[PDB]
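[1] need coordinates for the following:
(8 chains)
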Amino acid sequence: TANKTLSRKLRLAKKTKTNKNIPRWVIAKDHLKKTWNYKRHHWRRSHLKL
Amino acid sequence: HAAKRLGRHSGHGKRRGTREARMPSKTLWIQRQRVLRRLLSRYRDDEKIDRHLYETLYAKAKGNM
Amino acid sequence: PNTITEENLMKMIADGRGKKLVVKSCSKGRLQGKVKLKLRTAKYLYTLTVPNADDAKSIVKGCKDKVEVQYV
Amino acid sequence: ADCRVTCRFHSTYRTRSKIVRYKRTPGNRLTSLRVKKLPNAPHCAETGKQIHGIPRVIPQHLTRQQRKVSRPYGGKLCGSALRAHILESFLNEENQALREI
Amino acid sequence: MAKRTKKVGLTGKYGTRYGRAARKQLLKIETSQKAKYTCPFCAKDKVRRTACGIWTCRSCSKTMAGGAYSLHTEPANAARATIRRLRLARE
Amino acid sequence: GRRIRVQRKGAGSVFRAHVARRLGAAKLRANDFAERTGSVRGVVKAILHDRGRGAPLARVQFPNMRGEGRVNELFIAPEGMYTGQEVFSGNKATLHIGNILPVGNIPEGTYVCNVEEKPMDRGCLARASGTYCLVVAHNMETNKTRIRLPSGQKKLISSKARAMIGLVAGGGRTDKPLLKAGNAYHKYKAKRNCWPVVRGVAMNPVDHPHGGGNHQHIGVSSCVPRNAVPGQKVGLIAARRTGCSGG
RNA sequence: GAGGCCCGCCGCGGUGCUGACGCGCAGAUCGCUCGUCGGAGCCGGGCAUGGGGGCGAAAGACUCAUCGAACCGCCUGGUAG
RNA sequence: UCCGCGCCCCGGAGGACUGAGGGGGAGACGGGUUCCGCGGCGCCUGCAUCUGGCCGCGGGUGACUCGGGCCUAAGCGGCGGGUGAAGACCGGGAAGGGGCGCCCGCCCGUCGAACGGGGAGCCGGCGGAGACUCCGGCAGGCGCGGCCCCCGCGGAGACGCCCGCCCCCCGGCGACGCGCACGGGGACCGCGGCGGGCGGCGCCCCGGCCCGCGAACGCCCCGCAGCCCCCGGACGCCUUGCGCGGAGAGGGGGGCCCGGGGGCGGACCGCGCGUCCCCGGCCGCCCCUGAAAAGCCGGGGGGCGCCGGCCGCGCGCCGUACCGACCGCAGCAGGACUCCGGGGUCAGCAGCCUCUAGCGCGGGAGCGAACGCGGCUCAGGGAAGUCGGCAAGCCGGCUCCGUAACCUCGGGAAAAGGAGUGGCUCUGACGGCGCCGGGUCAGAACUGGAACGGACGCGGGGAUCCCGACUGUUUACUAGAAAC
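    Numbers count the residues shown, from 1 in each chain, chains lettered A, B, ... in the order given. Structure data below:
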């Protein structure tokens, strides 16, 4: 893992970049009501690349 | 360790290892053989002892004489 | 680093070869018999330990105006 | 009271090229300096005896004068081997002439 | 001296194991394998086994092919003679 | 049933020879114009050990006839050959141990080894430790020479076929008892996965034809016909006779 | 200073208590007591071998909690007096 | 545990634990942001929480020298083609490489290893999070240019000395097993001394504790063993064990290599016993013989002109946080590869205590019922208990006696069975001599509720009979066996 490859690191960094909650202004604009991304992953309970 | 040097704590009850373990009967041989081979060699170089005697004495020293 | 050959080679290097700086580090830790001259070159830093301050002066004499001195 | 140290190499596995020597640094700490495996000097092609005069350093970092022996077939043949080769060659030519004469 | 009275001279290592027949056979082969043989060149009793069939004289620095456990095998000694007699006869 | 061990062995895969670290293929020097007329002189650079062979091998360096370098041959070593020997491979070669000459040239009664089954085969018969073949007779009209193979069987081979004079070295290697299972594991590790061996009467009915019942018994006779099927030939194949006997 | 030698640590196994546990700490763990501990040894990485096939110091054992024939999808909403 | 906002948080004081095969410091892999700072408790933290690996916000991984990349390994793929209904599978025999005039030339791996091989990194510092990467010094490697210079000498020899390149040939280095010993270094350790800083002190104390630093690299000098040279011609020379010598010993003088030591530059003084790691010369071992290549460098022959020195510059690509965070539904007495390893007692890296470092686990209070689990002791008897000594207990360290049948002569054997063991005060031994440095082996007195392997660690033994010779292997998760 500390000896990773750029192509494994860049697909893992997309997940870190997109593990975000819906911006609050987006909920207000769309009247979303459901404010949970649901594609968000927590390292301990998750198995990305599996 | 100052008592041990005097000879205070080294009796049979305070020994938990075999005599060979406490002092290797091999390292006592190397020392004696080296000490005696040094003595005989110096005598031969000094011309105190003959070359032939040196060989005879060298063998008897190797033979635990 | 190396020790320069007396001031024989030291002054020869000082005259032409890289002598970016010389340092007259006298009193290294306030100790006696201590004038250490440290010539910076491209290849190596060279040090000649000289017995006396007067001995050091003869080598400092002839130091190029272009050659830079620093004193410790 | 602890002089335990940590690995200098990329991985802890201690192989032949992964051996360290501990020295104390100026800042009073034990440091692990790497121990390079000694390359070995050239050995005579005929026979197997190490050629005298050539240091056990990788040949690239040696200097041409150091990596050579001043003798015909110097870093290849040891002197005893070379003198046997010279003698064998000379004698063969001398026996051939005797066969013709 | 004579630390082992019987022919357990080199086979003392095996201890009470492998049976008498194996140990007796090993006595002959083992004693032959670790023996010093006379090099046909050095003429010095310095030939010792390196591997099965390979024997080297430490002084002569010459390696020679031989029997697995002896520098020279009885079949080989006879063959060299037969080849010599036939060679001399052909010329 | 299950495929038996013999069937599983022919796909290699674990039963393939452990050929790593083996010096090379031991073979007689190739027949060349200088071998066919006259003799090529080689020097025995080394006598070494092959990983899976009991007999010592030998690196003999011959001159390159084709070009300008020196060519190295690997030969099974006859006993008595030494480093720095001069070995001649040729039609005009003297009868000394080590030399390779055509079998017609070799005289009758001569111990020979690494004999060629057919001319220019570079080695075939008499290659194991101690083994040798003997020249029995030459028919000069049929250009054929009778030899006795180490088995005893007599083979008529072409007089052109070459052989190395001498008896292969390593002689008397099997006289020493292996003594321990461990010594066997070390010998077989340098060869192939054939050891340890489980008897078929030990295996369950699926694994072997001898298979298994309430008591360990071969069931039907161990003797099997030569025309058995590939998974059925397991005991004594085509036995002319069985049993211990005189002679 | 020899040994598929002995005692014994780690290691690697797993004997007995038929101990604890048995809604477990755990879909096999725990504690003692043990077998061995220079060797047919133990351990990592890479690689090879594939389903009636493999591999097996052989127990029908093992092949990803699955083996007297793995698993996944389909034929298949198989057929059942 | 006490006090301090007082929370299981944090700070101080205590009392402890993991106990150098660590509840320590670090990596490989796997996770993939868990890392850091700030705020927060709604989720989660199986009790709580002001805590957090949780939640929100903002950040964090810097390399010519470390690793990848490159080489080859087991292997795998490729190949005019060869098959097969195909999908696909199989594979050397096939006009297989380059510039200009030529010449030389059978025939694939820019596959495969973050442990194997490889050109070269050290010190000191800095940050909330990182470092062989930053920064400051000091060096080493490999190339690109400018300038200058310029094509071998010395020796009796082994060598020495700053030295050319290309082709083709030949060789070397890369490059190698396991072991018991023995030697030499490094680190560690301990002992004194001196210098600095403490703590305790009812009595003693120069008796306790903490600190006292020196890297890569560059020159010069040494360096055992080994291997050679020159004279010369022999019972000697030597190890721990060996081994060695008319194919040349000893002796005398030399050469080489030696992962090392010193001196200077970089930049506190002495001594000892061990331990650990490297290294050396051996000796043993094998039906076991302990990889390869890239690369680099000699040598012979031909060609042919280099060579150096000095001074600048350059060095691209990717990995680089953290892990008590991995995998078992989980923040699960389960697994999971390494590296480095202080003190005392000890034969010990065992057990038991400890320095460093870490740190008090899905909570706490009472009470002291039965019963259960983990232990402890038991009068007299001593297996009468039970399917069966199951379980428990006896035994055990060391020294010195003593030891049977049987035997494959190696065993049995630690057979069996006795006796001693502490503390003090000494006395010899043994190397050490300018006498200085050892900590074991004996022997002796005097002691003491009739104690002493005082904890700890640590065989109960014998007589047979049946199997299987043996060491090994086996049913992961009911059979370790006489089975294999």
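
[2] run a quick neighbour tally on the nearest residue to residue F:95 once chain neighbours are set aside.
    Distances taken as Cβ to Cβ, 6 or more residues apart in numbering or on different chains place residue E:87 nearest to residue F:95, at 3.8 Å, with adjacent residues excluded. C-beta: built from backbone N, CA, C; applies to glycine. Burial of residue E:87, expressed as a neighbour count using other Cβ atoms under 10 Å in any protein chain shown, amounts to 15.

[3] hang on, isn't residue E:87 packed against residue F:97?
    No. Taking Cβ atoms under 8 Å as the definition, residue E:87 is not a contact partner of residue F:97, at 10.1 Å.

[4] so which residues of chain A form helices?
    Per DSSP state H, chain A has helices spanning A:6-18, A:24-30. These are given in chain order.

[5] out of the ones you listed, nearest to chain E?
    Chain E lies closest, by Cβ to the nearest Cβ, to one member of the helices of chain A: helix A:6-18, at 49.5 Å.

[6] list the buried residues in the closest one.
    Along helix A:6-18, no position meets the burial threshold by neighbour count (16 or more other Cβ atoms under 10 Å in any protein chain shown).

[7] return the distance of that helix from the chain's centre.
    In terms of Cα atoms, centre = their mean, to the nearest Å, the centre of helix A:6-18 is set 10 Å apart from its chain centre.

[8] ok, and what's touching that helix?
    Residues outside helix A:6-18 that contact it (Cβ atoms under 8 Å, 6 or more residues apart in numbering or on different chains) are A:4, A:39, A:41, A:48-49.

[9] try it again with 10 Å
    Helix A:6-18 is contacted from outside by A:1, A:4, A:37, A:39-41, A:43, A:46, A:48-49, using Cβ atoms under 10 Å, 6 or more residues apart in numbering or on different chains.

[10] picking that back up, the residue nearest to residue F:95 sits in which helix or strand?
    With elements taken from DSSP states H and E, the one containing residue E:87 is helix E:74-90.

[11] what's that helix packed up against?
    Packed against helix E:74-90 by the contact rule (3 or more Cβ pairs under 10 Å, 6 or more residues apart in numbering or on different chains; DSSP states H and E) you find strand F:111-113, strand F:133-139, strand F:162-165.

[12] change it to 8 Å
    Using 3 or more Cβ pairs under 8 Å, 6 or more residues apart in numbering or on different chains; DSSP states H and E as the contact criterion, the secondary-structure elements in contact with helix E:74-90 are strand F:111-113.

[13] for the helix holding residue E:87, buried residues please.
    Residues of helix E:74-90 classed as buried under the neighbour-count rule (16+ other Cβ under 10 Å) are E:75-76, E:79-80, E:83, E:86.

[14] cool, stretch A:17-29 as well?
    Counting neighbours by 16+ other Cβ under 10 Å, one finds that stretch A:17-29 has no buried residues.

[15] gap between the two ends of that stretch?
    Using Cα to Cα, to the nearest Å, one end of stretch A:17-29 lies 23 Å from the other.

[16] hmm, it touching RNA strand H?
    Yes. Figure legend: stretch A:17-29 in contact with RNA strand H (Cβ under 7 Å from any atom of the strand); contacting residues A:19, A:21.

[17] most proximal residue of chain D with respect to chain E?
    Checked against chain E (Cβ to the nearest Cβ), the nearest residue in chain D is residue D:47, 7.5 Å away.

[18] which residue is nearest the centroid of the chain?
    Just so you know, I chose chain A. With the centre of chain A defined as its mean C-alpha position, the nearest residue by Cα atoms, centre = their mean is residue A:19, 2.0 Å away.

[19] correction: the question concerned chain C.
    Taking Cα atoms, centre = their mean, the centroid of chain C lies closest to residue C:37, which sits 2.8 Å from it.

[20] skipping adjacent residues, who's closest to that one in space?
    Nearest one to residue C:37, counting by Cβ to Cβ, 6+ apart, is residue C:48 at 5.3 Å.

[21] quick check: that neighbour is in a strand.
    Yes. Read with DSSP: H, G, I helix; E, B strand; the rest coil, residue C:48 is one of the residues of a strand.

[22] count of residues packed around the residue in chain A that chain E sits nearest to?
    When distances are taken as Cβ to the nearest Cβ, chain A approaches chain E most closely through residue A:3, which lies 42.8 Å from it. Using other Cβ under 10 Å, residue A:3 has 6 other residues around it.

[23] mind listing what the residue nearest to the centre of chain A touches?
    With contacts taken as Cβ under 8 Å, 6+ apart, residue A:19 has the following neighbours: A:40-41.

[24] do you have the strands of chain F handy? List them.
    Counting by DSSP state E, one finds strands in chain F at the ranges F:39-46, F:57-63, F:70-76, F:86-90, F:100-102, F:111-113, F:133-139, F:144-148, F:154-158, F:162-165, F:223-224, F:236-237.

[25] how about chain D?
    With DSSP E, the ranges of strands along chain D come out as D:20-24, D:30-34.

[26] leaving out sequence neighbours, find the closest residue to residue F:172.
    Take residue F:172 and drop its neighbours on the chain: the residue closest to it by Cβ to Cβ, 6+ apart is residue E:67, 5.1 Å away.

[27] actually residue F:242, not the one I typed
    Using Cβ to Cβ, 6+ apart, the nearest residue to residue F:242 is residue F:236, at 6.2 Å.

[28] what is the neighbour count of the one you found?
    The number of residues packed near residue F:236 is 13, by other Cβ under 10 Å.

[29] show me what it is bridged to.
    On the basis of DSSP bridges, residue F:236 is bridged to residue F:223.

[30] surely it meets residue F:243?
    No. With contact defined as Cβ under 8 Å, residue F:236 and residue F:243 do not form a contacting pair (10.6 Å).

[31] if I look at the residue nearest to residue F:172, how far off is residue E:56?
    When Cβ to Cβ, to the nearest Å is applied, the distance between residue E:67 and residue E:56 equals 15 Å.

[32] what residues does chain E have near RNA strand G?
    Within chain E, the positions near RNA strand G by Cβ under 7 Å from any atom of the strand are E:12-15, E:17.

[33] before we move on, back to that, can you list contacts of the helix holding residue E:87?
    Helix E:74-90 is contacted by residues E:67, F:79-80, F:94-97, F:107, F:109-111, F:130, F:132, F:165-167, F:169, F:171 when judged by Cβ under 8 Å, 6+ apart.

[34] and for stretch B:46-60?
    Stretch B:46-60 is contacted by residues B:37, B:40-41, B:43-44 when judged by Cβ under 8 Å, 6+ apart.

[35] mind giving me the PyMOL select for these, buried ones only?
    What follows is the PyMOL syntax selecting those of the contacts of stretch B:46-60 that are buried according to 16+ other Cβ under 10 Å:
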select buried, chain B and resi 40+44
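
[36] and the contacts of stretch B:46-60, which is closest to chain F?
    residue B:37 (38.5 Å).

[37] does the closest one touch residue B:61 like I think?
    Yes. Shown here, residue B:37 and residue B:61 form a contact pair, counting by Cβ under 8 Å, at 6.8 Å.

[38] setting aside sequence neighbours, what's the nearest residue to residue F:238?
    With Cβ to Cβ, 6+ apart, the residue lying closest to residue F:238 is residue F:226, at 4.0 Å.
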